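Everything below concerns the one structure shown next.
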Amino acid sequence: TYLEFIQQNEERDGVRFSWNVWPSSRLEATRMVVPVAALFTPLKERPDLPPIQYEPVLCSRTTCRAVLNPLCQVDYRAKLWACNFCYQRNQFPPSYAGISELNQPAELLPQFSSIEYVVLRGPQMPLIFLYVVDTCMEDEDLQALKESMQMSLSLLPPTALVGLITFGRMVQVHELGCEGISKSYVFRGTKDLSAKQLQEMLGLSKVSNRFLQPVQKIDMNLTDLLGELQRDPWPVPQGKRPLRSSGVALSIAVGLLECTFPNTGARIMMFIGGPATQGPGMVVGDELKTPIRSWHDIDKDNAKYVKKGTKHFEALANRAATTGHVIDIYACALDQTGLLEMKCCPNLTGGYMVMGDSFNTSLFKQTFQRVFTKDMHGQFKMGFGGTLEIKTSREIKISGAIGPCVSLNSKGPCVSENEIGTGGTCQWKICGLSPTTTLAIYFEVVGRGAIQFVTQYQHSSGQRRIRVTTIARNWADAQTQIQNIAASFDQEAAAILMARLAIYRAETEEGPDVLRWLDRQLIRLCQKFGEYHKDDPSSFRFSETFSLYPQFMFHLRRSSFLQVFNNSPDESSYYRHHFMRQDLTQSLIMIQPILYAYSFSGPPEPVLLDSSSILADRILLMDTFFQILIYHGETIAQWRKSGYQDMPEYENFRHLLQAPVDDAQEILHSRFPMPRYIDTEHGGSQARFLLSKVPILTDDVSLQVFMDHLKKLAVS
Amino acid sequence: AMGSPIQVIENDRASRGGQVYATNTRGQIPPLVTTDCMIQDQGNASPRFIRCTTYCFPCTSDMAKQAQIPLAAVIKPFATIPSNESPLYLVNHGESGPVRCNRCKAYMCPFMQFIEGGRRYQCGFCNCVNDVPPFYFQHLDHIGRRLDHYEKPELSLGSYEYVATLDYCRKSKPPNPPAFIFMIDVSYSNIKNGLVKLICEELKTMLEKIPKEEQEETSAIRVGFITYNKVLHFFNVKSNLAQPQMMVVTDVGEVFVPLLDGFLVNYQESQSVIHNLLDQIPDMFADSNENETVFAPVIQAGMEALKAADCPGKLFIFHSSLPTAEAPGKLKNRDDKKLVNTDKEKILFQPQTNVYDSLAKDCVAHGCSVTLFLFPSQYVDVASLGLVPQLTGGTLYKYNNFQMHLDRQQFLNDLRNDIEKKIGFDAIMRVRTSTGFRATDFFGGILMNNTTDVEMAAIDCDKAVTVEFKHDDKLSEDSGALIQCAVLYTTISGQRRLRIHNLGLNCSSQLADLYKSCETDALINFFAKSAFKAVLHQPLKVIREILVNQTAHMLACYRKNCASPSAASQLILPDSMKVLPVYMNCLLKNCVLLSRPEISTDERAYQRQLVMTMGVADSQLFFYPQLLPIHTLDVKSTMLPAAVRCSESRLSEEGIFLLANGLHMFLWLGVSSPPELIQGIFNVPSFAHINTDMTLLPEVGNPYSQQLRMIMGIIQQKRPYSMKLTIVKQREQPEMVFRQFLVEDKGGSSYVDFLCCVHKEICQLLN
Ligand SMILES: [Zn+2]
Ligand SMILES: [Zn+2]
């Protein structure tokens, strides 16, 4: 089965290609509409592998330097192996001496297409956690933020380095371990500072400090301080917003690490409770009369802060990424915090962007402690300072990458002239990654083809490691093997791989041409791989391998990802932030929400995202990635309002109402960005969230109308 | 054959001492500052408050241009009134405020002639007629005594205080009580010499003694704390902290105050929290290794804090050495030597950076006064550092090469005396005059934006301002000349208040009268301040040229117009100016007007500022020291011993002497000094057993020591500075410094040299 081929290659190599069989000519590949691309999860969950205790082996050719893998041929009589990518001959290390065809090393086994090595760099560096705290919030929120901060402080390793910066009208860089009194260094929340300046001002040398000290050493001292932390003392006048120096406090937190611990694992965790009102990085004015930016305000160019502010964090993101540090943003407030302007910090670094109502919600506290989820051995599921190198066969060139990464601008033979997204390179830097972190790599064609994925990172246990993933797919003569290629097509993978591309363009100046381009390809695909006689829309049909793809495009073009004008800029930035991260499974849900149905007449079964599925005697469980909604049918709603549940007679009915709530509880623990929960029913004020989710190709319309137009355009 | 300075002092102590001087007659002439007597207000202002060069103005400008006698007054508005004299009365005029003339804006005073039944009063100053307000009306009597004249102080007394209404306050709102901000240099220099701990430990005790009025129970003055060494260290000492918080500012150049609360807290409330800090600070910077500090930003910070608290305040700055760390107000070591023949000699007595003048203006504009306790050991550029504490009305205390086992007591005495000083805040003085003349020039620890208002951020009992008058128009021999000094300020409880001094001076058109009514001591005080101010604008040889030629011109004019005919071999001086030649010569011998050989500029700039603040009593002593014979002193006589001429000619080898100028007190010992005294004072048997370097107080002593110390205490009494005692041995010892203070000797020229120099230009002005 081809479905078995995909499911096994994902679970093993952490990869899913748009096509699993490749065209041997650049022409018919260009003709194929979808580029040969792949979702790639570098650190896919893999408990079946024990880390190899030894250095990897590399090809002698410099330009190549590929890692030893099952593809390379071997001549044990000669102790030599030939690189699959370039064919250069290589010699095994002396230790590998006893190598034979029956006791061959790990990296040569097909079962070990992807494996992890243990590097012995020798510089064992501790983790670094920098807490940047906003103090312009009510005593309720700050207290709850303090509890969550004392909680996070307890999970960290004894050798990890912690630091605290608190900001408001001014920025305070506290000195810890300083017992008996409490000194802190203050700066104007209006003046920007460089890394060198702050190094000098704080009285530091070049390249544990007085600011960054061990948890074991300071657990008592820091905690007490957090305990005594109170809100911004500076009084807020009427009709005015508090003076919050978000942009400045970040530039300090970044610079503080830039001059003490450069090029080592570190998370800068900024918690904000409102918009920056005192730049640089200024989001909006201080007078409450003026409301924050509205996709409309920014579109009509009435937002005078966005361009300046975004530029600030853009440079801040590039600084932190270059130094190899992670920036997290936990924005919990009742209005926009300026996540649109700040998005590039957790976007370019592997940081988390967390949105919320307040820090005193069961929403935030839970989401925050899922950040520090430990694995089976008590080590954090985080990775730092990631270096990703991709080597391809000589007939393949890397266009570029899309997702949480930064171009290292490494030029070579594998780098395509026509570069896509983050391209012009064969190497990317991912400052922070999680077993979930997934990139989209785009390729180009010019007997099998092969691609290798090499990832160097610092494990949460201070260990340096290398994750090598070597894959291969079969070439095809697209003039004799069109059928082979069409069956290797991954309709799921292409849907996401095309979605990112489209969104990536949404980031860019290109405007609503995205819908126009997205549909042009959807039509092109239907024209090539569709079964139809010309000019007969009724004759048109799609093989099962493709059948779901137009349905995927339908929900994509109508999703919040491209239709921002019903959300706030921050929400749109948040939604796009997570989609560019997730693996295929979660990515599909975002585009096309799952809809389950519960009733007396059979088990829970997923149904169509249509109005038809909404029946009177049926409870619906809609699952978009960012929210969980339970919808009670009209009949079931009345039985619920009458009190039948409590009665011992209706044992079954109390279970029917409990069946989806039980399942809604599981998802409210597994999912890292803990979704908003909504319980509503037929005629409920919050029933709006359901029905809403249920030239250019077309306007908002039924799925059928959309297809029918697609059907008649594909046949002509 | 001239009557000495001392012959005159004692001659006036004999005929006027122990007698009551009453200020009733107009133009009356008061005793000398050296003559202690009782004073009753009774009409005009006490000489303790204000003295004049002449108590009879020339009626017209030409006449004034004849004699060339300067018309000036030395006002010490808050002089410490003796226990035995009538204290000032506080006058309240209700909502309307103090009744004033509608023209010249003179306040209600005894100089107001009430007419027309008591319904109108004619101004004594501008002769303008006013309407007596309803609530203040009263009926006249036989010649206009009005019947409450002896009842209401502002009608019968020359010195009193008005209550100021809200239209006298900043922003027309009641001011806040001032705040004492203590700021400590904590670089390596002050840590090593044990100064920091000394300041900390001792400040625990003296924060209790912070000034408070009788009507209240606890001082309304708040207290704040700061340290610095090229970086500022603020402190949070709120009355709910078990531990003081520190907030360090590094953004020097664009300074700011990182706190609004926790700074400036009532001392009694935050008592334990404060003491907790003063214990820690010496330990905190104990291992500090910094060699550079900042200064301007420190004044900048203490000023910015007082603006935020919306209150006046005083800055008690303690500093060590030359501020070199890169910042605004960064000073260099520019002691380039240019003098005597160099016109640009003045710069040396000017600040380096432009920022000090601005900084000073900002302080005065916000009611912030800075007092500087300075502990140099090298070049420090007094000209720069002392500018802001001078212009603001603050004080400067310099302790050359401070050493703990010696100058400890001197500093602590200065500190206590300065904290407990009766002080006003955010003060402005206006000197109004009657028709015919006006104030045209001012001399003090002051700053002026316009040409009428003397702004003093803070003023204490010791400070004094000297004012110069010129002829507006011709005067009247009948009405004379009137002066009204008005000081508007804020007290340590936060009340707006006016102190008023009225003084009436006679006018004559007779050159005989002017000379008859001259005070030498007061004349010197003017010439000193006038010259010391000109130092910053002209060559020193030019000013001297001016001093000598104006001295010769006054005595030539007295010779050729008033003096009954005499020989040309004689030089004729009026009894009022008997000793003006001697004192004048001593002014020219001062290092301020002398040169760099043997003297640091720092010492030249320090003394230059010191004089600018002085009153008459102080200026008399600084220029002509007091020299007491201690060997001939009777035992338990025990009246203070009589003074002896300031020269080496009055020194016996068998003699012990004390010389004091008010800042330095020297004990001098002859080589043949009687061992009976050396034992009964120094506790060592012989002369060659004493060590000069051991200049600490020899408390022990059964007969002579208690006796001798006694006379050292009374000398110090009326003096604001505690004097640096310096013991000297007669031969080739540190006598070299001591000899400078013998002002009748050559050293410039001597006395008899200058007397012959004056008599030459007195014959050059031929006719
Ligand atoms: Zn190779
Ligand atoms: Zn008048």
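We label chains A, B, ... in the order they appear in the structure tokens, count residues from 1 in each chain, and number ligands from 1 in the order shown.
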Determine which residues of stretch 291-505 of chain B receive a DSSP assignment of alpha helix (DSSP H), computed from the backbone, and state them as a PDB file with N, CA, C and O atoms, in the first residue's frame.
ATOM      1  N   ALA B 296      29.077  66.400  38.425  1.00  0.00           N
ATOM      2  CA  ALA B 296      27.944  67.172  37.978  1.00  0.00           C
ATOM      3  C   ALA B 296      26.699  66.373  38.011  1.00  0.00           C
ATOM      4  O   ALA B 296      25.677  66.835  38.450  1.00  0.00           O
ATOM      5  N   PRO B 297      26.757  65.153  37.560  1.00  0.00           N
ATOM      6  CA  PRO B 297      25.516  64.373  37.619  1.00  0.00           C
ATOM      7  C   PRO B 297      24.975  64.187  39.041  1.00  0.00           C
ATOM      8  O   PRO B 297      23.769  64.005  39.206  1.00  0.00           O
ATOM      9  N   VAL B 298      25.848  64.228  40.046  1.00  0.00           N
ATOM     10  CA  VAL B 298      25.422  64.058  41.436  1.00  0.00           C
ATOM     11  C   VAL B 298      24.523  65.211  41.883  1.00  0.00           C
ATOM     12  O   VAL B 298      23.450  64.994  42.450  1.00  0.00           O
ATOM     13  N   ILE B 299      24.975  66.434  41.626  1.00  0.00           N
ATOM     14  CA  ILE B 299      24.172  67.628  41.855  1.00  0.00           C
ATOM     15  C   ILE B 299      22.909  67.579  41.005  1.00  0.00           C
ATOM     16  O   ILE B 299      21.836  67.999  41.432  1.00  0.00           O
ATOM     17  N   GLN B 300      23.057  67.056  39.792  1.00  0.00           N
ATOM     18  CA  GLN B 300      21.953  66.924  38.851  1.00  0.00           C
ATOM     19  C   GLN B 300      20.874  66.005  39.412  1.00  0.00           C
ATOM     20  O   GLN B 300      19.682  66.272  39.268  1.00  0.00           O
ATOM     21  N   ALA B 301      21.305  64.926  40.057  1.00  0.00           N
ATOM     22  CA  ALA B 301      20.386  63.939  40.616  1.00  0.00           C
ATOM     23  C   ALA B 301      19.647  64.478  41.834  1.00  0.00           C
ATOM     24  O   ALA B 301      18.419  64.401  41.911  1.00  0.00           O
ATOM     25  N   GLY B 302      20.403  65.016  42.787  1.00  0.00           N
ATOM     26  CA  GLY B 302      19.831  65.575  43.999  1.00  0.00           C
ATOM     27  C   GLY B 302      18.890  66.729  43.718  1.00  0.00           C
ATOM     28  O   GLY B 302      17.966  66.997  44.487  1.00  0.00           O
ATOM     29  N   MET B 303      19.126  67.416  42.607  1.00  0.00           N
ATOM     30  CA  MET B 303      18.251  68.495  42.179  1.00  0.00           C
ATOM     31  C   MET B 303      16.991  67.928  41.541  1.00  0.00           C
ATOM     32  O   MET B 303      15.889  68.422  41.778  1.00  0.00           O
ATOM     33  N   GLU B 304      17.158  66.885  40.733  1.00  0.00           N
ATOM     34  CA  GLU B 304      16.037  66.285  40.020  1.00  0.00           C
ATOM     35  C   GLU B 304      15.063  65.622  40.991  1.00  0.00           C
ATOM     36  O   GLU B 304      13.857  65.586  40.741  1.00  0.00           O
ATOM     37  N   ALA B 305      15.586  65.109  42.103  1.00  0.00           N
ATOM     38  CA  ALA B 305      14.753  64.458  43.109  1.00  0.00           C
ATOM     39  C   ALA B 305      13.870  65.470  43.840  1.00  0.00           C
ATOM     40  O   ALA B 305      12.700  65.198  44.122  1.00  0.00           O
ATOM     41  N   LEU B 306      14.434  66.638  44.133  1.00  0.00           N
ATOM     42  CA  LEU B 306      13.707  67.684  44.843  1.00  0.00           C
ATOM     43  C   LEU B 306      12.623  68.315  43.969  1.00  0.00           C
ATOM     44  O   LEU B 306      11.628  68.829  44.480  1.00  0.00           O
ATOM     45  N   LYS B 307      12.820  68.273  42.654  1.00  0.00           N
ATOM     46  CA  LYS B 307      11.814  68.767  41.716  1.00  0.00           C
ATOM     47  C   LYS B 307      10.628  67.807  41.678  1.00  0.00           C
ATOM     48  O   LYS B 307       9.474  68.225  41.566  1.00  0.00           O
ATOM     49  N   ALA B 308      10.927  66.515  41.772  1.00  0.00           N
ATOM     50  CA  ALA B 308       9.905  65.481  41.718  1.00  0.00           C
ATOM     51  C   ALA B 308       9.044  65.499  42.971  1.00  0.00           C
ATOM     52  O   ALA B 308       7.824  65.362  42.900  1.00  0.00           O
ATOM     53  N   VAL B 355      28.797  73.630  31.831  1.00  0.00           N
ATOM     54  CA  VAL B 355      27.649  72.980  32.460  1.00  0.00           C
ATOM     55  C   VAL B 355      27.386  73.408  33.906  1.00  0.00           C
ATOM     56  O   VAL B 355      26.257  73.316  34.387  1.00  0.00           O
ATOM     57  N   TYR B 356      28.415  73.856  34.595  1.00  0.00           N
ATOM     58  CA  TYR B 356      28.223  74.274  35.958  1.00  0.00           C
ATOM     59  C   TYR B 356      27.330  75.472  36.103  1.00  0.00           C
ATOM     60  O   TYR B 356      26.506  75.504  36.989  1.00  0.00           O
ATOM     61  N   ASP B 357      27.475  76.458  35.234  1.00  0.00           N
ATOM     62  CA  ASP B 357      26.627  77.628  35.336  1.00  0.00           C
ATOM     63  C   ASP B 357      25.194  77.229  35.120  1.00  0.00           C
ATOM     64  O   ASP B 357      24.313  77.675  35.827  1.00  0.00           O
ATOM     65  N   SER B 358      24.952  76.384  34.135  1.00  0.00           N
ATOM     66  CA  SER B 358      23.600  75.940  33.868  1.00  0.00           C
ATOM     67  C   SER B 358      23.073  75.116  35.005  1.00  0.00           C
ATOM     68  O   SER B 358      21.927  75.229  35.395  1.00  0.00           O
ATOM     69  N   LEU B 359      23.926  74.271  35.542  1.00  0.00           N
ATOM     70  CA  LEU B 359      23.516  73.422  36.627  1.00  0.00           C
ATOM     71  C   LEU B 359      23.138  74.266  37.809  1.00  0.00           C
ATOM     72  O   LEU B 359      22.162  74.001  38.478  1.00  0.00           O
ATOM     73  N   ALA B 360      23.918  75.300  38.061  1.00  0.00           N
ATOM     74  CA  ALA B 360      23.657  76.199  39.179  1.00  0.00           C
ATOM     75  C   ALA B 360      22.328  76.926  38.997  1.00  0.00           C
ATOM     76  O   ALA B 360      21.557  77.067  39.946  1.00  0.00           O
ATOM     77  N   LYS B 361      22.068  77.384  37.775  1.00  0.00           N
ATOM     78  CA  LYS B 361      20.817  78.071  37.463  1.00  0.00           C
ATOM     79  C   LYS B 361      19.610  77.180  37.705  1.00  0.00           C
ATOM     80  O   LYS B 361      18.593  77.624  38.236  1.00  0.00           O
ATOM     81  N   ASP B 362      19.728  75.920  37.300  1.00  0.00           N
ATOM     82  CA  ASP B 362      18.647  74.957  37.457  1.00  0.00           C
ATOM     83  C   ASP B 362      18.364  74.680  38.933  1.00  0.00           C
ATOM     84  O   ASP B 362      17.214  74.480  39.326  1.00  0.00           O
ATOM     85  N   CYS B 363      19.416  74.673  39.746  1.00  0.00           N
ATOM     86  CA  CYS B 363      19.271  74.456  41.182  1.00  0.00           C
ATOM     87  C   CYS B 363      18.519  75.605  41.837  1.00  0.00           C
ATOM     88  O   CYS B 363      17.562  75.392  42.584  1.00  0.00           O
ATOM     89  N   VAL B 364      18.971  76.821  41.547  1.00  0.00           N
ATOM     90  CA  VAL B 364      18.365  78.028  42.088  1.00  0.00           C
ATOM     91  C   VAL B 364      16.921  78.170  41.606  1.00  0.00           C
ATOM     92  O   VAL B 364      16.048  78.626  42.349  1.00  0.00           O
ATOM     93  N   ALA B 365      16.666  77.756  40.369  1.00  0.00           N
ATOM     94  CA  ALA B 365      15.324  77.838  39.803  1.00  0.00           C
ATOM     95  C   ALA B 365      14.363  76.832  40.436  1.00  0.00           C
ATOM     96  O   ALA B 365      13.148  77.004  40.362  1.00  0.00           O
ATOM     97  N   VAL B 382      39.090  74.013  42.679  1.00  0.00           N
ATOM     98  CA  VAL B 382      38.084  74.629  43.528  1.00  0.00           C
ATOM     99  C   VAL B 382      37.204  75.583  42.725  1.00  0.00           C
ATOM    100  O   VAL B 382      36.012  75.724  43.001  1.00  0.00           O
ATOM    101  N   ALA B 383      37.794  76.222  41.718  1.00  0.00           N
ATOM    102  CA  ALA B 383      37.072  77.160  40.863  1.00  0.00           C
ATOM    103  C   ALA B 383      35.843  76.530  40.205  1.00  0.00           C
ATOM    104  O   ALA B 383      34.829  77.199  39.998  1.00  0.00           O
ATOM    105  N   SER B 384      35.935  75.244  39.881  1.00  0.00           N
ATOM    106  CA  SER B 384      34.838  74.545  39.225  1.00  0.00           C
ATOM    107  C   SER B 384      33.863  73.953  40.234  1.00  0.00           C
ATOM    108  O   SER B 384      32.662  74.214  40.172  1.00  0.00           O
ATOM    109  N   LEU B 385      34.389  73.155  41.159  1.00  0.00           N
ATOM    110  CA  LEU B 385      33.560  72.442  42.126  1.00  0.00           C
ATOM    111  C   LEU B 385      32.782  73.382  43.034  1.00  0.00           C
ATOM    112  O   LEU B 385      31.666  73.071  43.443  1.00  0.00           O
ATOM    113  N   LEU B 387      31.658  76.415  42.377  1.00  0.00           N
ATOM    114  CA  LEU B 387      30.771  77.346  41.686  1.00  0.00           C
ATOM    115  C   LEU B 387      29.302  77.128  42.048  1.00  0.00           C
ATOM    116  O   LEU B 387      28.603  78.072  42.412  1.00  0.00           O
ATOM    117  N   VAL B 388      28.838  75.886  41.950  1.00  0.00           N
ATOM    118  CA  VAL B 388      27.440  75.580  42.251  1.00  0.00           C
ATOM    119  C   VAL B 388      27.095  75.774  43.740  1.00  0.00           C
ATOM    120  O   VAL B 388      26.049  76.340  44.049  1.00  0.00           O
ATOM    121  N   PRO B 389      27.962  75.319  44.669  1.00  0.00           N
ATOM    122  CA  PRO B 389      27.634  75.600  46.072  1.00  0.00           C
ATOM    123  C   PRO B 389      27.802  77.064  46.487  1.00  0.00           C
ATOM    124  O   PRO B 389      27.361  77.433  47.576  1.00  0.00           O
ATOM    125  N   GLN B 390      28.434  77.885  45.654  1.00  0.00           N
ATOM    126  CA  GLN B 390      28.541  79.304  45.972  1.00  0.00           C
ATOM    127  C   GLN B 390      27.297  80.045  45.508  1.00  0.00           C
ATOM    128  O   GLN B 390      26.649  80.732  46.294  1.00  0.00           O
ATOM    129  N   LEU B 391      26.969  79.891  44.229  1.00  0.00           N
ATOM    130  CA  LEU B 391      25.839  80.588  43.622  1.00  0.00           C
ATOM    131  C   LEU B 391      24.497  80.210  44.236  1.00  0.00           C
ATOM    132  O   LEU B 391      23.520  80.949  44.114  1.00  0.00           O
ATOM    133  N   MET B 404      42.811  61.225  59.567  1.00  0.00           N
ATOM    134  CA  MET B 404      41.793  60.918  60.563  1.00  0.00           C
ATOM    135  C   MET B 404      42.168  61.317  61.990  1.00  0.00           C
ATOM    136  O   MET B 404      41.358  61.909  62.703  1.00  0.00           O
ATOM    137  N   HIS B 405      43.389  61.000  62.406  1.00  0.00           N
ATOM    138  CA  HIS B 405      43.805  61.247  63.786  1.00  0.00           C
ATOM    139  C   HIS B 405      44.007  62.731  64.085  1.00  0.00           C
ATOM    140  O   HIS B 405      44.337  63.106  65.211  1.00  0.00           O
ATOM    141  N   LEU B 406      43.801  63.574  63.078  1.00  0.00           N
ATOM    142  CA  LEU B 406      43.996  65.008  63.236  1.00  0.00           C
ATOM    143  C   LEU B 406      42.729  65.809  62.957  1.00  0.00           C
ATOM    144  O   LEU B 406      42.195  66.477  63.846  1.00  0.00           O
ATOM    145  N   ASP B 407      42.256  65.730  61.717  1.00  0.00           N
ATOM    146  CA  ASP B 407      41.175  66.593  61.256  1.00  0.00           C
ATOM    147  C   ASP B 407      39.787  65.982  61.454  1.00  0.00           C
ATOM    148  O   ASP B 407      38.813  66.458  60.872  1.00  0.00           O
ATOM    149  N   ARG B 408      39.693  64.933  62.267  1.00  0.00           N
ATOM    150  CA  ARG B 408      38.411  64.278  62.518  1.00  0.00           C
ATOM    151  C   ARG B 408      37.427  65.216  63.198  1.00  0.00           C
ATOM    152  O   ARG B 408      36.316  65.428  62.714  1.00  0.00           O
ATOM    153  N   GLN B 409      37.851  65.765  64.329  1.00  0.00           N
ATOM    154  CA  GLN B 409      37.007  66.634  65.134  1.00  0.00           C
ATOM    155  C   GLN B 409      36.593  67.882  64.367  1.00  0.00           C
ATOM    156  O   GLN B 409      35.445  68.319  64.451  1.00  0.00           O
ATOM    157  N   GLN B 410      37.537  68.452  63.622  1.00  0.00           N
ATOM    158  CA  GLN B 410      37.282  69.650  62.830  1.00  0.00           C
ATOM    159  C   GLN B 410      36.125  69.435  61.856  1.00  0.00           C
ATOM    160  O   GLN B 410      35.247  70.290  61.721  1.00  0.00           O
ATOM    161  N   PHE B 411      36.122  68.286  61.187  1.00  0.00           N
ATOM    162  CA  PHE B 411      35.080  67.972  60.217  1.00  0.00           C
ATOM    163  C   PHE B 411      33.729  67.734  60.889  1.00  0.00           C
ATOM    164  O   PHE B 411      32.718  68.298  60.472  1.00  0.00           O
ATOM    165  N   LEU B 412      33.719  66.898  61.924  1.00  0.00           N
ATOM    166  CA  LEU B 412      32.485  66.569  62.635  1.00  0.00           C
ATOM    167  C   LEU B 412      31.845  67.799  63.267  1.00  0.00           C
ATOM    168  O   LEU B 412      30.620  67.892  63.361  1.00  0.00           O
ATOM    169  N   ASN B 413      32.681  68.735  63.704  1.00  0.00           N
ATOM    170  CA  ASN B 413      32.197  69.989  64.266  1.00  0.00           C
ATOM    171  C   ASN B 413      31.543  70.853  63.198  1.00  0.00           C
ATOM    172  O   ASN B 413      30.514  71.485  63.441  1.00  0.00           O
ATOM    173  N   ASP B 414      32.150  70.872  62.014  1.00  0.00           N
ATOM    174  CA  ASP B 414      31.607  71.608  60.877  1.00  0.00           C
ATOM    175  C   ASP B 414      30.286  71.006  60.414  1.00  0.00           C
ATOM    176  O   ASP B 414      29.351  71.729  60.066  1.00  0.00           O
ATOM    177  N   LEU B 415      30.219  69.679  60.414  1.00  0.00           N
ATOM    178  CA  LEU B 415      29.033  68.967  59.961  1.00  0.00           C
ATOM    179  C   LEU B 415      27.839  69.241  60.878  1.00  0.00           C
ATOM    180  O   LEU B 415      26.767  69.630  60.411  1.00  0.00           O
ATOM    181  N   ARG B 416      28.033  69.044  62.179  1.00  0.00           N
ATOM    182  CA  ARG B 416      26.985  69.298  63.165  1.00  0.00           C
ATOM    183  C   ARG B 416      26.482  70.730  63.078  1.00  0.00           C
ATOM    184  O   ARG B 416      25.275  70.977  63.044  1.00  0.00           O
ATOM    185  N   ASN B 417      27.425  71.667  63.034  1.00  0.00           N
ATOM    186  CA  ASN B 417      27.110  73.088  62.995  1.00  0.00           C
ATOM    187  C   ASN B 417      26.338  73.474  61.737  1.00  0.00           C
ATOM    188  O   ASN B 417      25.556  74.423  61.757  1.00  0.00           O
ATOM    189  N   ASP B 418      26.548  72.726  60.654  1.00  0.00           N
ATOM    190  CA  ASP B 418      25.900  73.024  59.376  1.00  0.00           C
ATOM    191  C   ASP B 418      24.493  72.443  59.288  1.00  0.00           C
ATOM    192  O   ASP B 418      23.596  73.050  58.699  1.00  0.00           O
ATOM    193  N   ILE B 419      24.306  71.264  59.867  1.00  0.00           N
ATOM    194  CA  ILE B 419      22.994  70.637  59.884  1.00  0.00           C
ATOM    195  C   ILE B 419      22.032  71.442  60.755  1.00  0.00           C
ATOM    196  O   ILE B 419      20.886  71.687  60.374  1.00  0.00           O
TER     197      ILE B 419
END
Problem set entry | Site check for ligand 1: residues at most 6 Å away, only C-alpha atoms and all ligand atoms, as a list in words |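 The residues near ligand 1 are residues 59, 61, 64, 65, 66, 83, 85, 86 and 88 of chain A.
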Go ahead and write the selection's residues with C-alpha atoms as a short mmCIF file (atom, residue, chain, number, x, y, z; two decimals), in the first residue's frame.
data_model
loop_
_atom_site.label_atom_id
_atom_site.label_comp_id
_atom_site.auth_asym_id
_atom_site.auth_seq_id
_atom_site.Cartn_x
_atom_site.Cartn_y
_atom_site.Cartn_z
CA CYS A 59 32.91 11.95 3.56
CA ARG A 61 35.27 15.60 0.00
CA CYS A 64 30.32 17.33 0.36
CA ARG A 65 31.12 16.02 3.76
CA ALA A 66 28.11 13.74 3.89
CA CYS A 83 29.59 8.23 -0.73
CA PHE A 85 25.89 11.69 -3.14
CA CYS A 86 29.27 12.21 -4.88
CA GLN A 88 34.08 9.65 -3.54
#
For this session: Once DSSP has gone over the backbone, tell me which residues of stretch 168-414 of chain A are in strand (DSSP E or B), as a ChimeraX atom specification.
Result: /A:170-174,182-188,213-214,240,267-272,287,326-332,353-356,374,380,383-392,396-402,406-407
Problem set entry | Test item: residues lying within 9 Å of ligand 2 with only C-alpha atoms and all ligand atoms, as a PyMOL selection string | chain B and resi 100-107+112+122-130+434
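Within 7 Å of chain A, chain B contributes the residues residues 243, 244, 245, 246, 247, 248, 249, 250, 251 and 258 of chain B, using only C-alpha atoms.
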Problem set entry | Distance in Å - atom CA of residue B:156 versus atom CA of residue B:453 | 26.8 Å
For this session: Can you pull out every residue within 9 Å of residue A:366, counting only C-alpha atoms, but drop anything in the same chain fewer than 3 positions away, and send it as a ChimeraX atom specification?
Result: /A:361-363,369-370,669,672,674
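Atom pair atom CA of residue A:624 / atom CA of residue A:589 has a distance of 5.8 Å (rounded to one decimal).
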Problem set entry | One-decimal distance in Å that lies between atom CA of residue A:106 and atom CA of residue A:394 |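 Interatomic distance here is 25.9 Å.
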Exercise. Quick one: residues within 8 Å of stretch 375-392 of chain A, only C-alpha atoms counted, chain neighbours fewer than 3 positions away excluded, as an NGL selection string?
Worked result: :A and (64 or 66 or 85 or 263-266 or 324-326 or 372 or 395-398 or 414 or 426-435 or 449-461)
